[PDB]
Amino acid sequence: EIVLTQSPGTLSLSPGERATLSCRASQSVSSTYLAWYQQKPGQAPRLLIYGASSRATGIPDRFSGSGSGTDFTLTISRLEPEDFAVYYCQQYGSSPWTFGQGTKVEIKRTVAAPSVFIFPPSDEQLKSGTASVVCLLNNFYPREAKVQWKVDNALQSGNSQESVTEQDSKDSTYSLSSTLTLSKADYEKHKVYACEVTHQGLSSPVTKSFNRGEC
């Protein structure tokens, strides 16, 4: 199959700025057979550009496409607030038809380091045989952050799960939860539970920790 690789993964821009999105095909694709789609948050995709350079019905002039062979480009000359969305390229000249992995055009803001909070398991949950420890990263930007769980200084892996909010409509930040889940028996074998957080806005890692039985 023809693999479509889009770059960058996330384009962080302000309204009024120019957006340039790239789609690279794993082999030559006739420009006739390349399209671009826009997917706004919570909506279905819609066609923007077909045949590499032709605008779809009702698509504004600020959207343009170009390229041939393996390199294709989508340009938004002056971003409008509604243009912040995920964009997918697609080839339909070879079977199977394939889509790029998507490029997110995200509204840019200044860097905000997360506030970090940790929550010990509740006595109610422990009685039922499980221990979930929750680490909260609040109102940060950009989206990239790292949560490392350390249990008596041992780095944990394979026993936590992360969830990230959508970018906030008011302040353009993200929030993130990381949940470490142990059995009651394993939880009772250890003492210090810590989440260590890094973010490009933090000059050094932030660690929030508690001791089992402290709370």
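All residue numbers refer to positions in the sequence shown, first residue = 1.
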Please work out which of 137 to 145 and 89 to 97 has the higher mean CA B-factor as recorded in the PDB entry.
89 to 97
Tell me which of 10 to 18 and 199 to 207 has the higher mean C-alpha B-factor in the deposited entry.
10 to 18
Which of 150, 190, 46, 55 ranks first by CA B-factor in the deposited coordinates
55
Among the choices 179, 172, 32, 165, identify the one whose CA B-factor in the record is greatest.
32
Split into thirds by Cα B-factor across the chain's modelled residues, where does residue 120 land: lowest, middle or highest?
middle
Cα B factor band for residue 104 (lowest, middle or highest third within the chain):
middle
Looking at the C-alpha B-factor of residue 27, is it in the lowest, middle or highest third of its chain?
highest
Based on the entry's values, in what third of the chain does the Cα temperature factor of residue 161 lie: lowest, middle or highest?
lowest
Binned into thirds over the chain's modelled residues, the C-alpha B-factor of residue 110 lands in the middle
